[PDB]
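Q: coordinates for the following, if possible.
(4 chains)
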Protein chains: 4
Amino acid sequence: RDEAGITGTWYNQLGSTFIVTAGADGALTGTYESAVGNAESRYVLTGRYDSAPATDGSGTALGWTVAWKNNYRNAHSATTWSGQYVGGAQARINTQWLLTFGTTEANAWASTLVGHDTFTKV
Amino acid sequence: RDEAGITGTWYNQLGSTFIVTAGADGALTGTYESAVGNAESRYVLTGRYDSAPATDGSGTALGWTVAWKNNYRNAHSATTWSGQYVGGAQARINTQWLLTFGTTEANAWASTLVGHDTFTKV
Amino acid sequence: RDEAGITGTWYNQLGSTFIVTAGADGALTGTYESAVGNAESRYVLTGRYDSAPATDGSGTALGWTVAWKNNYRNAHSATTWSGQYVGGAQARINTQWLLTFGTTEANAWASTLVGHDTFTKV
Amino acid sequence: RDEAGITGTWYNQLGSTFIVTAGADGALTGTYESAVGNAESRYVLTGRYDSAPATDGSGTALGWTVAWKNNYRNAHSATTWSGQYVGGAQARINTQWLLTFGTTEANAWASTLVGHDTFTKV
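A: Residues are numbered from 1 along each chain as shown, chains lettered A, B, ... in the order given. Let me share the structure:
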């Protein structure tokens, strides 16, 4: 239902770029490029979305993951975003995210950052 | 590096079952079956992991997503887990998760649950 | 240091109102009135802030809690906000929050909502 | 209702110590000593709890904050815990927490850690 609405290039408030294709079957595949952190260039992402969302004005739930390893750098971390796609003139993906770093067991208390990203098509 | 350690069947403290294959390239693919919530049977999951983790005793960062739609039910929601794989006699995936429900804009404040799951091989 | 900057009336993006006094000693006391949810009128809040923050342009860490019981209603829940005060012409408190509901042990997986609020003086 | 159950000394899985008094009116006051992180000795805490919880076996919602400044150290951070008290032979406070560090605006994306603590009386 939102396959066409989701597919494409999105940008967040940090200036990061998310390029995604939504599959008819609920798949999300693409690339992510972060404007911040221990990252450079594009990184693979994968995820899932609700391909048959409610028809009552609700958003479409979705999520995706990036492991922060590519040919340039390995940040020994992974971020997951969970959120919803809200269609309309000013389409948005509103997300919250969890960034986990690989740690030793003694530091595991301090292993996960939490934040929020809002993506637009502009 | 942890491709063999991750691949297989894992169980969390709720009695949910995660069946995953880790790809050499950082992919995670599989199925999830929740012991709780608006769910039945298996659901597709996808995700990513750090395929070249630090060699200093750190865990391996990873994450994955499930959209809660399959042939039996559609919960109009998606969960992402972010965490790390810790190998050894008692291997564990320690995760935190974010479950987003599709909502209207007025209810979007209340759209995301947060929790934590710990997965073992037993 | 930010005692005067914090003290006063703040409003978030939902239209909620936070009225706080910051003590020289790091205390926060006041009242919260939510524009949404199972709430009416004002509720007690308490919290803490860093009364000697870094002088390098960093924000001032702070947090506070509301238990959602007052003389009108009891929502059997509590929210904590964690964030930072950023002073300047357009002062802001940027927060993330965790709302826990009282649950049975079987439902405890689904006991905590996560979100984010941004408070301004206007 | 749980004023007597909450009041006292609690310990988490890291070996941290939380000493709290619960007031009839919903207040929590006390001290926290962390076994980990940029902390030493005791730090003031304050918080709130549901003083009239549901009678159907549900837990009692509660939260509290610590700003990580005392006479020994100032970590320019604050943690909030949100959770519930579950009474009975093996009483527990099950919490999730948000730790915010003071940051510059450029680093604010990376300002908040998320975790979970479970407190017992032993």
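
Q: which positions in chain A make contact with chain C?
A: Residues of chain A lying close to chain C (C-beta under 8 Å from any C-beta of the partner chain) are A:96, A:114-116. Where C-beta positions appear, they are placed from N, C-alpha and C, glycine not excepted.

Q: residues contacting the residue in chain A positioned nearest to chain D?
A: The minimum distance from chain A to chain D, using C-beta to the nearest C-beta, falls at residue A:114 (3.9 Å). Going by C-beta atoms under 8 Å, 6 or more residues apart in numbering or on different chains, residue A:114 touches A:96-99, C:96, C:114, D:98, D:112-114.

Q: same thing with residue A:26?
A: A:48-51, B:44, B:67, B:69.

Q: try 10 Å this time
A: A:3, A:47-52, A:62, B:43-44, B:46, B:65-70, B:78 (C-beta atoms under 10 Å, 6 or more residues apart in numbering or on different chains).

Q: the strand or helix carrying residue A:67 close to chain B?
A: Secondary structure from DSSP states H and E places residue A:67 in strand A:60-69. Yes - for strand A:60-69 and chain B, the contact criterion (C-beta under 10 Å from any C-beta of the partner chain) is met by A:60-69.

Q: got a ChimeraX select line for the buried ones in the contacts of residue A:26?
A: Burial among the contacts of residue A:26 is assessed by 16 or more other C-beta atoms under 10 Å in any protein chain shown; the matching ChimeraX selection reads:
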select /A:3,47,48,49,50,51,62 /B:43,44,46,65,66,67,68,69,70,78
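
Q: wait, residue A:109 touches residue D:39, no?
A: No - under the criterion of C-beta atoms under 10 Å, residue A:109 makes no contact with residue D:39, lying 11.8 Å away.

Q: joint contacts of these two?
A: Joint contacts of residue A:109 and residue D:39 (C-beta under 10 Å, 6+ apart) are residue D:16.

Q: chain A: strands as residue ranges?
A: Listed in chain order, the strands of chain A (DSSP state E) span A:8-12, A:17-22, A:27-33, A:43-49, A:60-69, A:74-86, A:92-101, A:112-120.

Q: would you give the sheet partners of the longest one, along with the direction of each?
A: Strand A:74-86 has these partner strands in its sheet, going by DSSP bridges: strand A:60-69 (antiparallel), strand A:92-101 (antiparallel).

Q: now the third one
A: In the sheet, strand A:27-33 lines up against strand A:17-22 (antiparallel), strand A:43-49 (antiparallel) (DSSP bridges).

Q: nearest to residue C:9, of the ones you listed?
A: strand A:17-22 (37.3 Å; C-beta to C-beta).

Q: please name the bridge partners of the closest residue to chain C within chain A.
A: Proximity of chain A to chain C (C-beta to the nearest C-beta) peaks at residue A:116, 4.8 Å away. Note on residue A:116: beta-bridge partners residue A:96, judged by DSSP bridges.

Q: check contacts around it.
A: Contacts of residue A:116 by C-beta under 10 Å, 6+ apart are A:12-13, A:81, A:83, A:94-97, B:112, C:96, C:114-116, D:109, D:112.
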